[PDB]
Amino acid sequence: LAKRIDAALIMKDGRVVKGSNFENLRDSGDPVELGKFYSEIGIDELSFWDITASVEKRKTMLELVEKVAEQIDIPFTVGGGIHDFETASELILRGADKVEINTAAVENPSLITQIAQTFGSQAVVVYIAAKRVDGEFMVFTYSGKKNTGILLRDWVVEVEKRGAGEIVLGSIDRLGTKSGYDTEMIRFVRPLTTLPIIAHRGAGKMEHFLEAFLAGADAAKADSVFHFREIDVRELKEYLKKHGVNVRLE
């Protein structure tokens, strides 16, 4: 299948954290209008990540999903502290196509299966944050704060076994960098799973997307490179097509 380009939007109290540089937008920090604009210029799927610190979070995420579903016609994922089946269920029913889970899945891997039982494997995305520690790829939880001691190799196999649809592979070793995706990490994971692998962290220029796809990624996700317009989405897709990558053009 076609390689996929995803945009992730980090949100807090209903706003896109640090906004965007699209002057054409009425409100460049509105996640709905920004998401809609991305869907029009060639983003394939959207990810909405909420960090509303406690209290209003549940209602905020549900209202976000409802507003997004009304306006956009490409698939989207919602994530950020989804801890149980009922939370995931209400977000999917309100409009999300998929839910994206990390810490709660590591702590209770049956959560993957429970969501998939009702909504299908295709509705369950597991985000795996990994980092090199003493020469092994280790799985990290709590926004990179906790080394679980679980090997990346073991967790990838378990995630597929439990019934996840896709894996987002986030390299903590590339957080905040613009040097490229962690292609070594992608190549390490590729033979271990039949699931779609979505690369995250490290993108800085168009050539990094090509590199990630050569490494075996099925999709590439980014955020600030798009929001601050370091990479244009249409230019990226034209570049990838030029060099033989199967991507969807309009």
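Only the largest set of C-alpha atoms that superpose within 1.5 Å between the two forms is called the rigid core. All residue numbers are counted from 1 along the displayed sequence.
Comparing C-alpha positions in 6 other deposited structures of this protein against this form, with the rigid core used for the fit, which stretch differs more, 46 to 54 or 206 to 214?
This comes out as 46 to 54, the stretch further from the shown form in 6 other deposited structures of this protein.
Decide, for the other PDB entries of this protein that were compared, whether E250 is missing from at least a third of their models.
In at least a third of the comparable entries (those modelling both sides of it), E250 has no coordinates.
Quick check on the record: does 219 to 227 or 35 to 43 carry the larger mean Cα temperature factor?
It is 35 to 43.
So which stretch wins on mean C-alpha B-factor, 103 to 111 or 170 to 178?
The recorded data point to 170 to 178.
I'd like to know which of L62, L214, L192, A53 has the highest C-alpha temperature factor in the PDB entry.
It is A53.
Identify, among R58, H208, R201, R187, the residue whose C-alpha carries the highest B-factor in the deposited PDB entry.
Out of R58, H208, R201, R187, the record gives the largest C-alpha B-factor to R58.
Looking at the temperature factor on the CA atom of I72, which third of the chain's modelled residues does it land in?
Within its chain, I72 is a highest-third residue by C-alpha B-factor, going by the deposited values.
What third of its chain, lowest, middle or highest, does the C-alpha temperature factor of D134 fall into?
As the PDB entry reports it, the C-alpha B-factor of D134 lands in the highest third of its chain.
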